[PDB]
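Below is one structure, written out as structure tokens; the observations come after it.
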Amino acid sequence: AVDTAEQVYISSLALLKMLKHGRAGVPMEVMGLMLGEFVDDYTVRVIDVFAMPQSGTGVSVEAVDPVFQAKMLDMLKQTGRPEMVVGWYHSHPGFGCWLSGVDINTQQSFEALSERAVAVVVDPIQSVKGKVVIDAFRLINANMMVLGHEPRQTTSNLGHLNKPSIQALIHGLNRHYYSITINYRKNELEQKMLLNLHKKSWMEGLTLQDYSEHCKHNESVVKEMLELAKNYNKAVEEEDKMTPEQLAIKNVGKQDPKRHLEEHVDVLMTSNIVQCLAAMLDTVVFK
Amino acid sequence: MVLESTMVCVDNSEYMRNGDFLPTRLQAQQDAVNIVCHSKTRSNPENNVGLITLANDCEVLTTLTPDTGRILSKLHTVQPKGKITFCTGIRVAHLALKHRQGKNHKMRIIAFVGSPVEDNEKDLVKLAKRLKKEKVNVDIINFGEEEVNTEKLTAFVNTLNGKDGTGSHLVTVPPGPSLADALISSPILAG
Amino acid sequence: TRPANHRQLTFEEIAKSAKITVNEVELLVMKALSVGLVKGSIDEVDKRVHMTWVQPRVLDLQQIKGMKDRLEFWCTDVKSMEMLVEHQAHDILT
Amino acid sequence: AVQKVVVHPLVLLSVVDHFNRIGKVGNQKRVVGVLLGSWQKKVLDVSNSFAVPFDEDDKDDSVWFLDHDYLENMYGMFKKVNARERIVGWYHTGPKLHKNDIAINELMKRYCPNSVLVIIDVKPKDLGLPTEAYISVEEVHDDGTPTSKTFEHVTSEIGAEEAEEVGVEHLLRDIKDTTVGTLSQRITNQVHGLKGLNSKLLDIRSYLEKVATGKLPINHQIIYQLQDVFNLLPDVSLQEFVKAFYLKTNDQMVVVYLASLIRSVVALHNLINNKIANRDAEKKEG
Amino acid sequence: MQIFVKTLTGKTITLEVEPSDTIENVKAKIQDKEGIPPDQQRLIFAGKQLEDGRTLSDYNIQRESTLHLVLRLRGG
């Protein structure tokens, strides 16, 4: 019986390729094939993934060349990647994440060919800089479940940390299959890279901004301060003259000069400070 | 039957333009290559073959390929030029044999010698001994002028396959009729 | 020859050192400028010239010790200046 | 020809994966591969890559192996799934230039008449940037030395795509960053500037030792350049330049004074609101 | 230069090798002397998992080290 705790480890490279491929077939369910190994009864690890030749019609897709797959795979071995197939993935734009209809059928034959298969679904159009939407599933048994048997065993809290969404319940996730938790496990060297990925050259740090143009910006903001001071005086004068929330509620059109006054500070400051400091340093370090 | 990888290292030095063999040594060797590789593939279909050439640099012309035609159409328009350089050729063929597609194959080198070899003997002995411990088998045709190279090669092959290894040969030939006709089919199946 | 602190000089000095009469020297330096081997400007009202850059030349295995000497204690100045700002502002970000 | 080159993150992660994988086929200390890309208006963009078998007998130059008809085969297999991209150049992961790579370049140039080299050093030992770009040229000489075939430098940077930076940021859960505003300026553009400048001067310092008979003066060229460096550096900060400096410092600080004053008045105003509100409601709720 | 191998059954196998040998070779030696196919063998040495393409002196294995064989079972 399958343990509740078993993870899927995906290896950071695979994720980037899944996205850059999904966000291209913009309105179509592009698909691909996924390579890894079964470390253990509590694990599956995916290490790489690659696309295929395929065509579709908006309502469907499928791949057309079967030879290309075996040839590519057998080629890769000559350069240290002997790993084999463990699953497949396809992108759902904007729908959400679930398996539906045909996707179960092409899935289920994998499980007749290789138990412990995994189907992954990603959504590239809801995702945003903070977070990506990924899910990984496997089919519930082909019933004989009137027995009321649980699909899985549990001996940990480790699998009940997350709340299933309404959408997958609509399409029936716990009724026909089950979700499996995604986990990341970066190694040392790639994470050393990943922080360099934004560093910018020393050449720039010591450079001064032009002093002209800079003065122009200073005069621009200082002359912008006036109107805000003038408005601020009235805004101070008139408050508490009416009920408290009816201050804000009547201030949805016209701006409130406090914030616009305040946020022109942090522009005279910061700018003037850093420019004067940088000049003050480099006047010594060169001759 | 046994699966084998074979690299044929043709010779193209200046000396190849002379005329001991009837048309000119170039045509004296091309036919030999044509027969030996037919023998390699027809012996068993998944053996595979590649091509190197020795000049003032070594150069690879076609990596281990299962179809002989690739070699033949390739061997044409090789031109006689420069000076032979033996050691570097054998080294680069060792490299290229490591990267074979199926490690269950064992491997061979064939080379045609057609010029004086300006090598120091004690360098050949080192190369031979390390090749000995790497399980690579070499097999020399003293195709061209037998003299000058008659000794060094023989001592080399001895130090390699010696200690009663027996798997590696030297064979040699005077001027006369075709190599493939009179010579190559004679000593054993090939080599 | 002259140290970079000055590299400024009067008519009389050249006129003697090249033993050519003073009234010619202007044309001489103008020639020098025009062929492009030296750069600067001339300030005739007080008979002075300023020469800010000059053609590089080969030099020997002992002169370069001067280069290494200057560069070494230029180098130490950078580390010294870094210690200060890396220390005094430790609390903003170390 | 080329004025600049832009690299997408997918290439860098690919390089690192290759470097870690090779251990299953050899023991070498370098790996080599092909760059697929495109370009316009002399700005070159590299997007994708695959790695081809290579090998070298370390103890000598001039003895190395590089597999053509695997490269051609893969290039064919890729073209069938993305028509946008074409051979552009090659990369290797060594920390330093090697004697024979000009002789690699003269091979692979047969696949693209303009080919560019990118060094992607996978184990940094400093603050720095992970890539360098090189193009091949012919040099004349004034010494009458024969014409030399040699590399030349090209400026480089990392670029980005909206479909990837979502993934990069989803993965950048490792450490602190974004100490906002004035905090990030001085770190990013004073300290990490000075550390770099110092490392450069140490490098020159070391080279000028070897010329103590350890090595031949490589050219009077390098000495001419050094003399330009020590000649150009700004004039002694001793003349009426000083007056011009004080003027701007006064003007730079005056407006700071003004802004600080504004900053305090608002705090007083907020104070009053807090005070009255408190006491009134207190007495009311009592 | 003697090496001890432990299998799942606990049988001990003795090997005379050299520090510059490769894992492919020792896996083949085991294939010869016991009959196990090479590619089913995985080698374990404390935590590290040994990779075929490189040499014992790279892992600085010493004399009479005890070394574990693990079998990657296959689906059926």
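In the structure tokens, chains take the letters A, B, ... in the order shown, each chain's residues start at 1, and ligands count up from 1 in the order shown.
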With a distance cut-off of 7 Å and only C-alpha atoms, select the neighbouring residues of residue 91 in chain A, excluding the residue or stretch itself and same-chain residues fewer than 6 positions from it, and output the selection as a compact mmCIF listing (two decimals) with C-alpha atoms, in the first residue's frame.
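Result saved to result-v3.txt:
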# COMPACT_ATOMS: atom_id res chain seq x y z
CA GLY A 22 4.16 26.05 -21.64
CA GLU A 29 -2.41 22.09 -24.22
CA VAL A 30 1.20 21.43 -25.24
CA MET A 31 2.71 18.27 -23.77
CA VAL A 121 0.23 19.46 -14.76
CA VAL A 122 1.45 23.04 -14.71
CA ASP A 123 -0.31 26.34 -15.26
Report the residues of range 131-278 of chain D whose backbone DSSP state falls under strand (DSSP E), written as a ChimeraX atom specification.
/D:131-139,148-154,156-158
Please identify all polymer residues within 10 Å of range 36-38 of chain E, counting only C-alpha atoms, omitting same-chain residues fewer than 4 positions from it, and present them as a PDB file with N, CA, C and O atoms, in the first residue's frame.
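Done, and the output landed in around-v4.pdb:
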ATOM      1  N   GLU E  24      34.489   0.462 -13.442  1.00  0.00           N
ATOM      2  CA  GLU E  24      34.067  -0.450 -14.494  1.00  0.00           C
ATOM      3  C   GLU E  24      34.826  -1.759 -14.393  1.00  0.00           C
ATOM      4  O   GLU E  24      34.245  -2.847 -14.497  1.00  0.00           O
ATOM      5  N   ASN E  25      36.127  -1.665 -14.144  1.00  0.00           N
ATOM      6  CA  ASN E  25      36.970  -2.846 -14.129  1.00  0.00           C
ATOM      7  C   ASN E  25      36.631  -3.749 -12.956  1.00  0.00           C
ATOM      8  O   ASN E  25      36.552  -4.970 -13.110  1.00  0.00           O
ATOM      9  N   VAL E  26      36.458  -3.172 -11.768  1.00  0.00           N
ATOM     10  CA  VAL E  26      36.164  -4.009 -10.613  1.00  0.00           C
ATOM     11  C   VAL E  26      34.776  -4.613 -10.738  1.00  0.00           C
ATOM     12  O   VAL E  26      34.546  -5.762 -10.335  1.00  0.00           O
ATOM     13  N   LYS E  27      33.840  -3.875 -11.322  1.00  0.00           N
ATOM     14  CA  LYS E  27      32.518  -4.425 -11.553  1.00  0.00           C
ATOM     15  C   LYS E  27      32.600  -5.597 -12.525  1.00  0.00           C
ATOM     16  O   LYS E  27      31.931  -6.623 -12.349  1.00  0.00           O
ATOM     17  N   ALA E  28      33.484  -5.489 -13.516  1.00  0.00           N
ATOM     18  CA  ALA E  28      33.694  -6.591 -14.445  1.00  0.00           C
ATOM     19  C   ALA E  28      34.355  -7.783 -13.762  1.00  0.00           C
ATOM     20  O   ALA E  28      34.013  -8.935 -14.044  1.00  0.00           O
ATOM     21  N   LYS E  29      35.334  -7.525 -12.897  1.00  0.00           N
ATOM     22  CA  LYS E  29      35.979  -8.608 -12.164  1.00  0.00           C
ATOM     23  C   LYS E  29      34.961  -9.384 -11.351  1.00  0.00           C
ATOM     24  O   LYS E  29      34.988 -10.621 -11.306  1.00  0.00           O
ATOM     25  N   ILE E  30      34.043  -8.668 -10.709  1.00  0.00           N
ATOM     26  CA  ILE E  30      32.978  -9.337  -9.978  1.00  0.00           C
ATOM     27  C   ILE E  30      32.128 -10.161 -10.936  1.00  0.00           C
ATOM     28  O   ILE E  30      31.774 -11.312 -10.647  1.00  0.00           O
ATOM     29  N   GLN E  31      31.784  -9.582 -12.092  1.00  0.00           N
ATOM     30  CA  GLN E  31      31.038 -10.325 -13.105  1.00  0.00           C
ATOM     31  C   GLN E  31      31.729 -11.630 -13.470  1.00  0.00           C
ATOM     32  O   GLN E  31      31.073 -12.661 -13.663  1.00  0.00           O
ATOM     33  N   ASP E  32      33.050 -11.599 -13.585  1.00  0.00           N
ATOM     34  CA  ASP E  32      33.778 -12.805 -13.963  1.00  0.00           C
ATOM     35  C   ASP E  32      33.743 -13.833 -12.847  1.00  0.00           C
ATOM     36  O   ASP E  32      33.513 -15.022 -13.093  1.00  0.00           O
ATOM     37  N   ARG E  42      25.436  -1.839  -8.202  1.00  0.00           N
ATOM     38  CA  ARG E  42      25.716  -0.487  -7.740  1.00  0.00           C
ATOM     39  C   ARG E  42      26.643  -0.595  -6.544  1.00  0.00           C
ATOM     40  O   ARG E  42      26.475  -1.478  -5.700  1.00  0.00           O
TER      41      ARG E  42
END
Restrict the distance test to only C-alpha atoms, flag each residue of chain B within 9 Å of chain A, and return the flagged residues as a list in words.
residues 99, 100, 101 and 102 of chain B
Residues of chain A within 12 Å of chain C, using only C-alpha atoms, as a PDB file with N, CA and C atoms, in the first residue's frame?
ATOM      1  N   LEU A 277      28.479  61.026  -1.055  1.00  0.00           N
ATOM      2  CA  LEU A 277      29.371  60.011  -0.518  1.00  0.00           C
ATOM      3  C   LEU A 277      30.283  59.445  -1.594  1.00  0.00           C
ATOM      4  N   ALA A 278      29.728  59.107  -2.759  1.00  0.00           N
ATOM      5  CA  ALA A 278      30.552  58.498  -3.799  1.00  0.00           C
ATOM      6  C   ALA A 278      31.633  59.455  -4.271  1.00  0.00           C
ATOM      7  N   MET A 280      32.915  61.821  -2.472  1.00  0.00           N
ATOM      8  CA  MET A 280      33.821  61.980  -1.350  1.00  0.00           C
ATOM      9  C   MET A 280      34.792  60.812  -1.244  1.00  0.00           C
ATOM     10  N   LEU A 281      34.330  59.596  -1.528  1.00  0.00           N
ATOM     11  CA  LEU A 281      35.261  58.474  -1.570  1.00  0.00           C
ATOM     12  C   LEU A 281      36.242  58.644  -2.704  1.00  0.00           C
ATOM     13  N   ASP A 282      35.746  58.630  -3.933  1.00  0.00           N
ATOM     14  CA  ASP A 282      36.697  58.459  -5.013  1.00  0.00           C
ATOM     15  C   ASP A 282      37.652  59.632  -5.135  1.00  0.00           C
ATOM     16  N   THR A 283      37.395  60.753  -4.463  1.00  0.00           N
ATOM     17  CA  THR A 283      38.417  61.792  -4.457  1.00  0.00           C
ATOM     18  C   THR A 283      39.714  61.338  -3.803  1.00  0.00           C
ATOM     19  N   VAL A 284      39.709  60.242  -3.051  1.00  0.00           N
ATOM     20  CA  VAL A 284      40.917  59.742  -2.405  1.00  0.00           C
ATOM     21  C   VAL A 284      41.513  58.548  -3.132  1.00  0.00           C
ATOM     22  N   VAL A 285      40.678  57.629  -3.605  1.00  0.00           N
ATOM     23  CA  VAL A 285      41.205  56.352  -4.045  1.00  0.00           C
ATOM     24  C   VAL A 285      41.962  56.465  -5.365  1.00  0.00           C
ATOM     25  N   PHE A 286      41.794  57.554  -6.111  1.00  0.00           N
ATOM     26  CA  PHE A 286      42.573  57.810  -7.320  1.00  0.00           C
ATOM     27  C   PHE A 286      43.474  59.015  -7.093  1.00  0.00           C
ATOM     28  N   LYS A 287      44.777  58.771  -7.008  1.00  0.00           N
ATOM     29  CA  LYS A 287      45.754  59.804  -6.687  1.00  0.00           C
ATOM     30  C   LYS A 287      45.356  60.546  -5.428  1.00  0.00           C
TER      31      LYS A 287
END
Excluding residue 226 in chain A and any residue of its chain fewer than 5 positions from it, enumerate the residues within 12 Å of it, using only C-alpha atoms, and give them as a PyMOL selection string.
(chain A and resi 219-221+231-233+257+260-261+264) or (chain D and resi 262)
Using only N, CA, C and O atoms, please write the residues we just selected to a file, as a PDB file, in the first residue's frame.
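Full text of again-v6.pdb as output:
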ATOM      1  N   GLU A 219      16.018  70.882  -8.736  1.00  0.00           N
ATOM      2  CA  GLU A 219      15.131  72.033  -8.844  1.00  0.00           C
ATOM      3  C   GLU A 219      13.722  71.617  -9.208  1.00  0.00           C
ATOM      4  O   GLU A 219      12.753  72.208  -8.715  1.00  0.00           O
ATOM      5  N   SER A 220      13.581  70.569 -10.015  1.00  0.00           N
ATOM      6  CA  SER A 220      12.249  70.087 -10.337  1.00  0.00           C
ATOM      7  C   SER A 220      11.494  69.694  -9.079  1.00  0.00           C
ATOM      8  O   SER A 220      10.374  70.160  -8.839  1.00  0.00           O
ATOM      9  N   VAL A 221      12.104  68.864  -8.238  1.00  0.00           N
ATOM     10  CA  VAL A 221      11.350  68.387  -7.084  1.00  0.00           C
ATOM     11  C   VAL A 221      11.099  69.515  -6.089  1.00  0.00           C
ATOM     12  O   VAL A 221      10.011  69.611  -5.498  1.00  0.00           O
ATOM     13  N   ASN A 231      -1.501  73.015  -0.242  1.00  0.00           N
ATOM     14  CA  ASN A 231      -2.648  72.146  -0.017  1.00  0.00           C
ATOM     15  C   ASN A 231      -2.637  71.582   1.400  1.00  0.00           C
ATOM     16  O   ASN A 231      -3.697  71.391   2.015  1.00  0.00           O
ATOM     17  N   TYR A 232      -1.449  71.292   1.928  1.00  0.00           N
ATOM     18  CA  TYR A 232      -1.351  70.686   3.246  1.00  0.00           C
ATOM     19  C   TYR A 232      -1.913  71.608   4.306  1.00  0.00           C
ATOM     20  O   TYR A 232      -2.521  71.150   5.279  1.00  0.00           O
ATOM     21  N   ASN A 233      -1.689  72.911   4.155  1.00  0.00           N
ATOM     22  CA  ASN A 233      -2.200  73.839   5.160  1.00  0.00           C
ATOM     23  C   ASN A 233      -3.720  73.732   5.289  1.00  0.00           C
ATOM     24  O   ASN A 233      -4.257  73.627   6.401  1.00  0.00           O
ATOM     25  N   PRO A 257      -2.500  65.467   0.483  1.00  0.00           N
ATOM     26  CA  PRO A 257      -1.146  65.978   0.272  1.00  0.00           C
ATOM     27  C   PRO A 257      -0.121  65.441   1.240  1.00  0.00           C
ATOM     28  O   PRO A 257       1.072  65.648   1.001  1.00  0.00           O
ATOM     29  N   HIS A 260       1.933  62.533  -0.712  1.00  0.00           N
ATOM     30  CA  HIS A 260       2.723  63.083  -1.802  1.00  0.00           C
ATOM     31  C   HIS A 260       3.798  64.022  -1.293  1.00  0.00           C
ATOM     32  O   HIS A 260       4.848  64.159  -1.925  1.00  0.00           O
ATOM     33  N   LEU A 261       3.554  64.695  -0.172  1.00  0.00           N
ATOM     34  CA  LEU A 261       4.601  65.510   0.426  1.00  0.00           C
ATOM     35  C   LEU A 261       5.697  64.634   1.002  1.00  0.00           C
ATOM     36  O   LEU A 261       6.886  64.895   0.809  1.00  0.00           O
ATOM     37  N   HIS A 264       8.137  62.870  -1.476  1.00  0.00           N
ATOM     38  CA  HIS A 264       9.179  63.609  -2.161  1.00  0.00           C
ATOM     39  C   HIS A 264      10.432  63.696  -1.324  1.00  0.00           C
ATOM     40  O   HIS A 264      11.525  63.826  -1.876  1.00  0.00           O
TER      41      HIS A 264
ATOM     42  N   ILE D 262      11.108  69.302   6.835  1.00  0.00           N
ATOM     43  CA  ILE D 262       9.775  68.800   6.525  1.00  0.00           C
ATOM     44  C   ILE D 262       9.518  67.530   7.305  1.00  0.00           C
ATOM     45  O   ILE D 262       8.498  67.390   7.990  1.00  0.00           O
TER      46      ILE D 262
END
Show which residues sit within 9 Å of residue 67 in chain C, as JSON, numbers by chain. Count only C-alpha atoms, and ignore same-chain residues fewer than 6 positions away.
{"D": [208, 226, 227, 230]}
Can you build me a table of chain C residues sitting at most 9 Å from chain D, with the closest atom pair per residue and its distance in Å to one decimal, using only C-alpha atoms, sorted by chain and residue number, as a tab-separated table?
residue	atom	partner	partner_atom	distance
C:4	CA	D:231	CA	7.7
C:5	CA	D:236	CA	8.0
C:52	CA	D:231	CA	8.7
C:53	CA	D:231	CA	7.5
C:55	CA	D:224	CA	8.6
C:56	CA	D:224	CA	5.2
C:57	CA	D:224	CA	6.7
C:58	CA	D:220	CA	5.9
C:59	CA	D:220	CA	8.2
C:61	CA	D:212	CA	8.0
C:64	CA	D:208	CA	8.3
C:65	CA	D:208	CA	8.7
C:67	CA	D:208	CA	8.7
C:68	CA	D:208	CA	6.7
C:71	CA	D:205	CA	7.2
C:72	CA	D:205	CA	7.1
C:74	CA	D:201	CA	8.9
C:75	CA	D:201	CA	6.4
C:76	CA	D:198	CA	8.7
C:78	CA	D:198	CA	6.5
C:79	CA	D:198	CA	7.1
C:81	CA	D:194	CA	8.7
C:82	CA	D:194	CA	6.7
C:85	CA	D:191	CA	7.9
C:86	CA	D:191	CA	7.0
C:92	CA	D:183	CA	6.2
C:93	CA	D:183	CA	6.9
C:94	CA	D:187	CA	8.5
Selection: 9 Å around range 26-33 of chain C, only C-alpha atoms, excl. self and same-chain fewer than 4 positions, as a VMD selection string
chain C and resid 11 22 37 to 42 44
Restrict the selected residues to N, CA, C and O atoms and save them as a short mmCIF file (atom, residue, chain, number, x, y, z; two decimals), in the first residue's frame.
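Ended up saving to selection_39.cif:
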data_model
loop_
_atom_site.label_atom_id
_atom_site.label_comp_id
_atom_site.auth_asym_id
_atom_site.auth_seq_id
_atom_site.Cartn_x
_atom_site.Cartn_y
_atom_site.Cartn_z
N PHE C 11 60.16 79.21 -22.46
CA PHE C 11 60.88 79.27 -23.72
C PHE C 11 62.37 79.11 -23.52
O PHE C 11 63.02 78.30 -24.19
N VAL C 22 65.28 81.84 -29.63
CA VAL C 22 63.97 81.80 -28.97
C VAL C 22 62.84 82.02 -29.97
O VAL C 22 61.81 81.33 -29.91
N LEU C 37 52.65 63.80 -31.94
CA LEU C 37 53.39 63.05 -30.94
C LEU C 37 53.26 63.62 -29.53
O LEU C 37 53.61 62.92 -28.57
N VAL C 38 52.76 64.83 -29.36
CA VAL C 38 52.65 65.42 -28.04
C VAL C 38 51.45 66.36 -28.02
O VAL C 38 51.08 66.92 -29.05
N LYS C 39 50.83 66.52 -26.85
CA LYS C 39 49.56 67.21 -26.74
C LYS C 39 49.59 68.21 -25.59
O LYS C 39 50.22 67.97 -24.57
N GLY C 40 48.85 69.30 -25.76
CA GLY C 40 48.87 70.33 -24.73
C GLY C 40 48.48 71.67 -25.32
O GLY C 40 47.65 71.75 -26.22
N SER C 41 49.09 72.72 -24.78
CA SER C 41 48.78 74.05 -25.27
C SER C 41 49.90 75.00 -24.91
O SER C 41 50.76 74.70 -24.08
N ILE C 42 49.87 76.15 -25.56
CA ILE C 42 50.92 77.16 -25.44
C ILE C 42 50.29 78.44 -24.93
O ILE C 42 49.13 78.73 -25.22
N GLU C 44 51.41 82.08 -24.84
CA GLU C 44 52.53 82.89 -25.30
C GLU C 44 52.73 84.17 -24.51
O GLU C 44 53.85 84.68 -24.47
#
Can you measure CA of residue 123 in chain D to CA of residue 95 in chain B for me? One decimal in Å is fine.
27.3 Å
Looking at E:22, E:17, E:70, E:75, which one is nearest to residue 49 in chain E, with distances taken over only C-alpha atoms?
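Ranking E:22, E:17, E:70, E:75 by distance to residue 49 in chain E, first place goes to E:70.
Using only C-alpha atoms, the part of chain B that sits within 7 Å of chain D is made up of residues 88, 92, 95 and 96 of chain B.
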Residues as selected, N, CA, C and O atoms, written as an mmCIF file, in the first residue's frame, can you do that?
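Below you can see result-v6.cif, which holds the result:
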data_model
loop_
_atom_site.group_PDB
_atom_site.id
_atom_site.type_symbol
_atom_site.label_atom_id
_atom_site.label_comp_id
_atom_site.auth_asym_id
_atom_site.auth_seq_id
_atom_site.Cartn_x
_atom_site.Cartn_y
_atom_site.Cartn_z
ATOM 1 N N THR B 88 51.437 10.404 -32.511
ATOM 2 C CA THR B 88 50.252 11.226 -32.323
ATOM 3 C C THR B 88 49.027 10.574 -32.932
ATOM 4 O O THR B 88 47.936 10.610 -32.349
ATOM 5 N N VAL B 92 45.589 9.617 -30.734
ATOM 6 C CA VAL B 92 44.269 10.163 -30.994
ATOM 7 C C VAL B 92 43.304 9.056 -31.365
ATOM 8 O O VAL B 92 42.110 9.131 -31.052
ATOM 9 N N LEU B 95 42.095 7.690 -27.896
ATOM 10 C CA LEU B 95 41.019 8.556 -27.431
ATOM 11 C C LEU B 95 39.715 8.188 -28.108
ATOM 12 O O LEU B 95 38.760 7.762 -27.457
ATOM 13 N N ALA B 96 39.682 8.285 -29.432
ATOM 14 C CA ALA B 96 38.436 8.054 -30.144
ATOM 15 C C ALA B 96 37.892 6.649 -29.962
ATOM 16 O O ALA B 96 36.707 6.433 -30.200
#
Compute the chain E side of the contact with chain A at 10 Å, counting only C-alpha atoms, and hand it back as an mmCIF file with C-alpha atoms, in the first residue's frame.
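Writing the result to iface_13.cif gives the following:
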data_model
loop_
_atom_site.group_PDB
_atom_site.id
_atom_site.type_symbol
_atom_site.label_atom_id
_atom_site.label_comp_id
_atom_site.auth_asym_id
_atom_site.auth_seq_id
_atom_site.Cartn_x
_atom_site.Cartn_y
_atom_site.Cartn_z
ATOM 1 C CA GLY E 53 33.627 6.756 -15.092
ATOM 2 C CA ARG E 72 18.910 -1.882 -8.281
ATOM 3 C CA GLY E 75 10.265 -3.665 -12.643
ATOM 4 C CA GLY E 76 8.525 -6.676 -14.106
#
Neighbour list for residue 8 in chain E as a ChimeraX atom specification, cut-off 12 Å, only C-alpha atoms, skip fewer than 3 positions in-chain:
/E:5,11-12,41-44,67-72
Okay, now the selection with N, CA, C and O atoms, as an mmCIF file, in the first residue's frame?
data_model
loop_
_atom_site.group_PDB
_atom_site.id
_atom_site.type_symbol
_atom_site.label_atom_id
_atom_site.label_comp_id
_atom_site.auth_asym_id
_atom_site.auth_seq_id
_atom_site.Cartn_x
_atom_site.Cartn_y
_atom_site.Cartn_z
ATOM 1 N N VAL E 5 34.574 -7.137 -0.514
ATOM 2 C CA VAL E 5 33.226 -6.786 -0.933
ATOM 3 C C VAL E 5 32.217 -7.596 -0.130
ATOM 4 O O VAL E 5 32.392 -8.806 0.066
ATOM 5 N N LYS E 11 28.233 -12.691 1.652
ATOM 6 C CA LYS E 11 29.431 -13.351 1.166
ATOM 7 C C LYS E 11 30.509 -12.304 0.956
ATOM 8 O O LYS E 11 30.233 -11.181 0.527
ATOM 9 N N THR E 12 31.740 -12.663 1.277
ATOM 10 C CA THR E 12 32.855 -11.740 1.178
ATOM 11 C C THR E 12 33.699 -12.122 -0.024
ATOM 12 O O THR E 12 34.001 -13.302 -0.224
ATOM 13 N N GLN E 41 24.966 -4.087 -10.875
ATOM 14 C CA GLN E 41 25.707 -3.768 -9.667
ATOM 15 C C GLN E 41 25.726 -2.263 -9.436
ATOM 16 O O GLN E 41 25.984 -1.493 -10.367
ATOM 17 N N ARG E 42 25.436 -1.839 -8.202
ATOM 18 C CA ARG E 42 25.716 -0.487 -7.740
ATOM 19 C C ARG E 42 26.643 -0.595 -6.544
ATOM 20 O O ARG E 42 26.475 -1.478 -5.700
ATOM 21 N N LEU E 43 27.632 0.277 -6.475
ATOM 22 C CA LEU E 43 28.626 0.197 -5.418
ATOM 23 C C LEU E 43 28.373 1.265 -4.368
ATOM 24 O O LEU E 43 28.068 2.415 -4.694
ATOM 25 N N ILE E 44 28.516 0.875 -3.105
ATOM 26 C CA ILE E 44 28.269 1.740 -1.967
ATOM 27 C C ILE E 44 29.502 1.728 -1.083
ATOM 28 O O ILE E 44 30.023 0.658 -0.750
ATOM 29 N N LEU E 67 33.412 -2.865 1.321
ATOM 30 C CA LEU E 67 32.659 -2.105 0.344
ATOM 31 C C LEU E 67 31.412 -2.884 -0.044
ATOM 32 O O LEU E 67 31.475 -4.097 -0.243
ATOM 33 N N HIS E 68 30.279 -2.188 -0.148
ATOM 34 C CA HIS E 68 28.970 -2.821 -0.235
ATOM 35 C C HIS E 68 28.473 -2.849 -1.669
ATOM 36 O O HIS E 68 28.672 -1.901 -2.430
ATOM 37 N N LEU E 69 27.836 -3.951 -2.038
ATOM 38 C CA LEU E 69 27.141 -4.054 -3.312
ATOM 39 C C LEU E 69 25.642 -3.956 -3.075
ATOM 40 O O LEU E 69 25.104 -4.625 -2.189
ATOM 41 N N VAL E 70 24.974 -3.126 -3.864
ATOM 42 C CA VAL E 70 23.527 -2.982 -3.816
ATOM 43 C C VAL E 70 22.976 -3.292 -5.196
ATOM 44 O O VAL E 70 23.596 -2.969 -6.216
ATOM 45 N N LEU E 71 21.827 -3.955 -5.225
ATOM 46 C CA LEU E 71 21.177 -4.329 -6.468
ATOM 47 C C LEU E 71 19.990 -3.409 -6.711
ATOM 48 O O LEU E 71 19.041 -3.394 -5.922
ATOM 49 N N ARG E 72 20.052 -2.647 -7.795
ATOM 50 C CA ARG E 72 18.910 -1.882 -8.281
ATOM 51 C C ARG E 72 17.959 -2.860 -8.946
ATOM 52 O O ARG E 72 18.142 -3.231 -10.106
#
